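Colleague: Here it is, the structure in full.
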Amino acid sequence: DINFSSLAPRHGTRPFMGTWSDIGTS
Amino acid sequence: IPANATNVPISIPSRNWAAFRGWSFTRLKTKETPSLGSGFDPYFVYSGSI
Amino acid sequence: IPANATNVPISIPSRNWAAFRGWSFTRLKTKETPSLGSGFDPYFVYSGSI
Amino acid sequence: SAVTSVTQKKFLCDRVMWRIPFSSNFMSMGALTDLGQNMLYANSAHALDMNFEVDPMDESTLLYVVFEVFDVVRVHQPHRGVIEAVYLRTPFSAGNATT
Amino acid sequence: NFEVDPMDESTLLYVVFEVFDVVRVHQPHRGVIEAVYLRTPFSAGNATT
Amino acid sequence: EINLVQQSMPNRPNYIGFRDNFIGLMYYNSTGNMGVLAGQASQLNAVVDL
Amino acid sequence: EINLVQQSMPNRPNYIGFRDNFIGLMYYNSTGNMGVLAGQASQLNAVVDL
């Protein structure tokens, strides 16, 4: 906005069966 | 800004102003501002907070 | 070329060499050549022919 | 035995730079303002100026004006041990690199 | 690889790789000028600052 | 006998030490003192400071 | 009496003039100092210096 900071192509995700981080790309 | 000046002249050429955002401004002191035009200034005699 | 070096290897990564023409080469002196790409070279203390 | 007296009143700001947006509403609605997109539409090249009134200083002083632009590097490596970066700044340039 | 005489002074090797530096300059309309620039085997743009 | 009467007061405090985040300990924005990040064997500079 | 036998010899010639064809009087091939030839309404250079 007033000073730049717009970035990020990210959301984050954790597959089910617990929270199990990394899906390793789909 | 000369010492005791109450007006500052600004000159900007004819330019396209596409994707221009605001303006920001502040006032400094000459002795507290080093010149970065060269890598050594023999006239920078200030070691305080710049 | 370091002082008194007898060989200087050149490496270049893979490149498409479409529309290339001959190499040309010559030897200069470090003190007699100013740095290019940067305005003002402070270490250039020579004024003879460049 | 209080004497007759008049108010003096003032403010301070420290660590602040004044901000005048370039918006019709004077407020952000995105980093690329709506008046940066109306000079895309048409431009004849306009020339800017300002005046400023600054209080007297016995000391020599400077004015520092920042003109808020976009400075964006796009940077890419196409092959091993190769880096290439294009540098694009928008309304100002002043002999901007790699244009 | 190159081989040269020793010299007490530090020296540089200046190699001109010959290419095509070629520009095409168009004016479509009044007060409009633009160009597309191409360098062939060495990179055509972005490149060195 | 009159140098019995003297006075002494402290010297002014002066704290010296490095800048806010090591401000101006690397040349930034100074031409002829520019940084370089380039391929080793491709030598395409990719730092430009204005 | 022994400064009667001082001897002198000319200072070396040293011709200073401007460069060969005004070499290095303008910035060429230097980013951050490069020229502009651009329509005054679009700000797109037709100058690319590397």
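Residues are referred to by chain and number: the chain letter is A, B, ... according to the order shown in the structure tokens, the number counts from 1 in that chain, and ligands are numbered separately from 1 in the order shown.
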Mind checking which residues fall within 6 Å of residue B:14, counting only C-alpha atoms, ignoring those fewer than 3 positions away in the same chain, and posting them as a JSON list (two decimals) with N, CA and C atoms, in the first residue's frame?
Modeller:
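Produced file result-v1.json, reproduced below:
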```json
[["chain", "number", "residue", "atom", "x", "y", "z"],
["D", 45, "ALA", "N", 2.62, 14.62, -20.72],
["D", 45, "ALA", "CA", 3.78, 14.88, -19.93],
["D", 45, "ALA", "C", 3.56, 16.17, -19.24],
["D", 46, "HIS", "N", 3.42, 16.11, -17.91],
["D", 46, "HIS", "CA", 3.08, 17.25, -17.12],
["D", 46, "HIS", "C", 4.28, 17.48, -16.29],
["D", 47, "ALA", "N", 4.47, 18.73, -15.84],
["D", 47, "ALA", "CA", 5.64, 19.08, -15.11],
["D", 47, "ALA", "C", 5.13, 19.51, -13.79]]
```
Colleague: What does the Cα RMSD come to when chain G is optimally superposed on chain F over every C-alpha atom in order?
Modeller: 0.6 Å
Colleague: Residues of chain B within 8 Å of chain D, counting only C-alpha atoms - could you list those as a ChimeraX atom specification?
Modeller: /B:1-31
Colleague: Could you please select, counting only C-alpha atoms, the residues of chain A within 10 Å of chain B and state them as a ChimeraX atom specification?
Modeller: /A:1-3
Colleague: Can you show chain B as a compact mmCIF listing (two decimals) with C-alpha atoms, in the first residue's frame once it has been least-squares superposed onto chain C, using every C-alpha atom paired in order?
Modeller:
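Everything below was put into part.txt:
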```txt
# COMPACT_ATOMS: atom_id res chain seq x y z
CA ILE B 1 46.22 -11.83 -15.24
CA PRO B 2 48.11 -11.84 -11.87
CA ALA B 3 51.64 -10.40 -11.87
CA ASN B 4 54.01 -13.00 -13.35
CA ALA B 5 51.23 -15.35 -14.48
CA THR B 6 51.83 -17.37 -17.64
CA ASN B 7 48.37 -18.91 -17.96
CA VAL B 8 44.97 -17.28 -17.99
CA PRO B 9 41.88 -19.36 -17.15
CA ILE B 10 38.76 -18.82 -19.29
CA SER B 11 35.32 -20.13 -18.36
CA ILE B 12 32.26 -19.85 -20.63
CA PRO B 13 28.94 -21.70 -19.86
CA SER B 14 26.94 -23.93 -22.18
CA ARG B 15 25.33 -21.60 -24.69
CA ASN B 16 23.95 -21.69 -28.21
CA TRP B 17 26.64 -20.28 -30.56
CA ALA B 18 24.36 -19.51 -33.49
CA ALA B 19 25.43 -16.37 -35.34
CA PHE B 20 28.82 -16.22 -33.68
CA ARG B 21 31.64 -14.51 -35.52
CA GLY B 22 35.30 -14.53 -34.49
CA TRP B 23 37.19 -13.68 -31.34
CA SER B 24 39.49 -10.79 -30.87
CA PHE B 25 41.87 -10.23 -28.01
CA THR B 26 44.58 -7.94 -26.76
CA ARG B 27 46.40 -7.42 -23.45
CA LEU B 28 46.01 -4.31 -21.29
CA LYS B 29 47.56 -3.10 -18.02
CA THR B 30 45.42 -2.93 -14.89
CA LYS B 31 46.39 0.64 -13.96
CA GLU B 32 45.77 1.92 -17.46
CA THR B 33 42.26 0.45 -17.60
CA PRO B 34 39.48 2.18 -15.63
CA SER B 35 36.45 0.28 -14.36
CA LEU B 36 33.17 1.43 -15.91
CA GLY B 37 31.19 -0.49 -13.25
CA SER B 38 31.02 2.79 -11.35
CA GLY B 39 31.29 6.39 -12.49
CA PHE B 40 34.20 7.22 -10.21
CA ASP B 41 37.22 5.08 -9.38
CA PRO B 42 39.41 6.47 -6.58
CA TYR B 43 42.11 3.99 -7.71
CA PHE B 44 42.49 5.30 -11.25
CA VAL B 45 45.68 7.28 -10.79
CA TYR B 46 46.66 7.21 -14.44
CA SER B 47 45.95 10.10 -16.78
CA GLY B 48 47.97 8.82 -19.74
CA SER B 49 46.67 7.25 -22.94
CA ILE B 50 44.02 4.62 -22.11
```
Colleague: Would you mind listing, for every residue of chain F within 9 Å of chain B, the two atoms forming the shortest contact and the distance between them in Å to one decimal, using only C-alpha atoms, sorted by chain and ascending residue number, as a tab-separated table?
Modeller:
```
residue	atom	partner	partner_atom	distance
F:19	CA	B:49	CA	8.3
F:27	CA	B:39	CA	7.8
F:28	CA	B:36	CA	8.6
F:29	CA	B:36	CA	6.8
F:30	CA	B:36	CA	5.4
F:31	CA	B:37	CA	7.2
F:32	CA	B:38	CA	8.0
F:33	CA	B:39	CA	7.2
```
Colleague: Quick one: write out the picked residues with N, CA and C atoms as a PDB file, in the first residue's frame?
Modeller:
```pdb
ATOM      1  N   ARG F  19      26.578   1.923  14.658  1.00  0.00           N
ATOM      2  CA  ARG F  19      25.316   2.431  14.202  1.00  0.00           C
ATOM      3  C   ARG F  19      24.161   1.474  14.428  1.00  0.00           C
ATOM      4  N   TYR F  27      29.417   0.275   1.799  1.00  0.00           N
ATOM      5  CA  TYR F  27      29.011   1.268   0.842  1.00  0.00           C
ATOM      6  C   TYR F  27      27.789   0.800   0.110  1.00  0.00           C
ATOM      7  N   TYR F  28      26.678   1.546   0.263  1.00  0.00           N
ATOM      8  CA  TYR F  28      25.474   1.375  -0.504  1.00  0.00           C
ATOM      9  C   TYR F  28      25.253   2.728  -1.081  1.00  0.00           C
ATOM     10  N   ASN F  29      24.851   2.792  -2.371  1.00  0.00           N
ATOM     11  CA  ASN F  29      24.369   3.994  -3.018  1.00  0.00           C
ATOM     12  C   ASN F  29      25.478   4.928  -3.374  1.00  0.00           C
ATOM     13  N   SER F  30      26.719   4.409  -3.405  1.00  0.00           N
ATOM     14  CA  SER F  30      27.886   5.190  -3.671  1.00  0.00           C
ATOM     15  C   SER F  30      28.478   4.519  -4.854  1.00  0.00           C
ATOM     16  N   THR F  31      28.607   5.273  -5.968  1.00  0.00           N
ATOM     17  CA  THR F  31      29.105   4.763  -7.218  1.00  0.00           C
ATOM     18  C   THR F  31      30.596   4.895  -7.177  1.00  0.00           C
ATOM     19  N   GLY F  32      31.283   3.834  -7.633  1.00  0.00           N
ATOM     20  CA  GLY F  32      32.714   3.725  -7.566  1.00  0.00           C
ATOM     21  C   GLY F  32      33.075   2.970  -6.329  1.00  0.00           C
ATOM     22  N   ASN F  33      32.057   2.433  -5.623  1.00  0.00           N
ATOM     23  CA  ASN F  33      32.205   1.660  -4.423  1.00  0.00           C
ATOM     24  C   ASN F  33      31.064   0.685  -4.438  1.00  0.00           C
TER      25      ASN F  33
END
```
